[PDB]
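Remarks on the overall topology
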Amino acid sequence: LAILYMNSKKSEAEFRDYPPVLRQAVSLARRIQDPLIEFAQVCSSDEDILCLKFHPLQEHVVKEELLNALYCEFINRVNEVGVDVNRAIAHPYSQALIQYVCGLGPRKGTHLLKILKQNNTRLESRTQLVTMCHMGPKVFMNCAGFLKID
Amino acid sequence: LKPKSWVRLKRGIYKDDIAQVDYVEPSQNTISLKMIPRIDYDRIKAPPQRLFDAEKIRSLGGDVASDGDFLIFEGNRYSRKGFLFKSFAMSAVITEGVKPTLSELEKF
Amino acid sequence: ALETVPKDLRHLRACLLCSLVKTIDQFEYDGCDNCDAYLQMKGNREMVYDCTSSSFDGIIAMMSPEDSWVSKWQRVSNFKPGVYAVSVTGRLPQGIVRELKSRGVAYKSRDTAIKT
Amino acid sequence: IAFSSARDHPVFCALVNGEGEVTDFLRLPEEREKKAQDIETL
Ligand SMILES: [Zn+2]
């Protein structure tokens, strides 16, 4: 995974002067703390996650089905671990996780973070989601359990 | 060299950067400008233009003083509502030969 | 006489009514030679910086303003011989321009420059 | 700590704080004297 992050354009953006091997070092240091966070943070897209070698024959399986199966395992893990929106606002690294929170995704998540950022305030309570943001009752029903608040 | 105008920087780290002048001190000693920082904050040393944010910077350390939406740090880095308002030196900024495009109108 | 010519070419500014160029301390100490009864900028700096601007282009040293083409095109022919700016940027505040109109002086913009 | 082929290639390491931010990094580039100084700086 650190090789993948080292090669990723994201690492270039985050560390422009650092040599490639220095980028592996930070990714390894992040992975040991929490592989879920690092894996989700580097595997931004389908083209990225497919670079890891899960099985020698993975290139031959149907991509729509493989990607769905892998993201389903990410969704499961992110919902078991939960996501802290406050640290996601303060620290962009965790912003990747909400995409996998059930009931949410890129469109809804980026909107939610954009609002919370623009307001410059942490979520004091989960009721703040429907109060401050414009998310509907059913998505709130789905995701409220999986959203942590320190 | 008048307020509400558009100027560009020539020397220093702010190479070829488009900025805007908001207010000029009646003493004409220093001038206030709207700009985007290019420093690393002492972590890359032993970068492109992107908007400043006031929360990822407060953990590296240093003398940081926050009073709500107003922040002061690292040699009076005047800041308000997430934007920097520190003043520039007249020799480093060039006023003529800018001719701003629509993209600048959306940044500030 | 030479009291009207810049003492030093450091800190030069052009009056914004008559475009006469002098050093900041020359205006502050002696005042503007052509325009004093309608503006009254002698004895303070607040009025000086409100009306008078440092942002001017070129200088024309006018030796015989009475008999010169450059003096006509520039509307300085009835002024005293001295150094003038070719073009000064800015506009008077919304107080003296009204007072000037009230006193019968038609304030016309010294910003001769064409935009782009 | 990360590295490569090592044939005339250095070893790099980065200290990452609990929040995920990175601190100042260290470069670790007959052999006994060089390794001894590398060990000492480490
Ligand atoms: Zn005058």
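Residues numbered from 1 in each chain as written, not as in the entry; some residues may be left out. Chains lettered and ligands numbered in written order. Part of a larger assembly, values for the part shown. Heavy atoms only, no water.

The PDB entry lists chain D under the name Transcription elongation factor SPT6, from Homo sapiens. The title given to this PDB entry is "Activated Elongation Complex with IWS1 and ELOF1".

The PDB entry lists chain B under the name Transcription elongation factor SPT5, from Homo sapiens.

**Thoughts on the interface of chain D and chain A**
The interface is formed by 14 residues belonging to chain D together with 15 residues belonging to chain A. Taken together, the two surfaces of chain D and chain A that pack against each other cover about 1,200 Å², and 69% of this comes from carbon and sulfur. Across the contact surface, chain D and chain A share zero salt bridges. Of the residues belonging to the side of chain D that touches chain A, the class tally is nine nonpolar, four polar and one charged. (Contact = heavy atoms within 4.5 Å. Buried area = accessible area lost by both parts, 1.4 Å probe. Salt bridge = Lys/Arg side-chain N within 4 Å of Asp/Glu carboxyl O. Nonpolar A, V, L, I, M, F, W, Y, C, P; charged D, E, K, R; others polar.)

**A short note on the coordination of the zinc ion**
All names here are of chain C. The coordination sphere of the zinc ion contains the protein donors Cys15 (SG), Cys18 (SG), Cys32 (SG) and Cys35 (SG), at a distance range of 2.3 Å. Note that the zinc ion binds four donor atoms; their angles at the metal cover 97 to 124°, and the shape is tetrahedral. Read from N- to C-terminus, the donor residues coordinating the zinc ion fall into the pattern C-x2-C-x13-C-x2-C. On the accessibility criterion, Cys15 (1% relative accessible area) is buried. With relative accessibility at 0%, the residue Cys18 sits in the buried group. (Donors = N, O, S within 2.8 Å, 3.2 Å for Na, K, Ca; no water. Tetrahedral: all angles 85-135°; square planar, octahedral: opposite > 155°, others 65-115°. Buried < 20%, exposed > 50% of the residue type's maximum accessible area, 1.4 Å probe, protein only.)

**Observations concerning the pattern of salt bridges**
Evaluated as defined, the whole model comprises 16 salt bridges over all chains. The partner of B:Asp17 in a salt bridge is B:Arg38, with the nearest N and O atoms 2.8 Å apart. Here B:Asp17, found in strand β2 (residues 17–24), pairs with B:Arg38, found in the loop between β3 (31–34) and β4 (64–66); they are 21 residues apart in sequence, far enough to count as distant. Residue classification places B:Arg38 among the partly exposed residues on the basis of a relative accessible area of 21%. C:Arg10 serves as the salt-bridge partner of C:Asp8, at 3.0 Å between the closest nitrogen and oxygen. For C:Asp8, a relative accessible area of 33% corresponds to the partly exposed category. (Helix = DSSP H or I, 4+ residues; strand = E, 2+ residues; numbered from the N terminus.)

**Section: the state of the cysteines**
For the structure shown, the criterion picks out zero disulfides over all chains. Distance from the sulfur of A:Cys102, which forms no disulfide, to the nearest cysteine sulfur (A:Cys143) is 7.0 Å. Left without a disulfide partner, C:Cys51 is nearest to the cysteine sulfur of C:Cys15, which lies 5.7 Å away. (Disulfide = S-S within 2.5 Å.)

**Quick word on the sheet that holds strand β5 (residues 70–73) of chain B**
Residue and element names in this part refer to chain B. Taken together, the four strands give an open sheet; going across it, the order is β4-β5-β6-β7, and neighbouring strands pair in antiparallel fashion. Only two strands of the sheet have a single partner each, and these edge strands are β4 and β7 (83–84). Strand direction decides the pairing type here: strand β6 (residues 79–80) and β7, joined by two bridges, are antiparallel. Among the inter-strand pairings, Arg80 is bridged to a residue of β7, identified as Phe83. (Pairing = 2+ DSSP bridges.)

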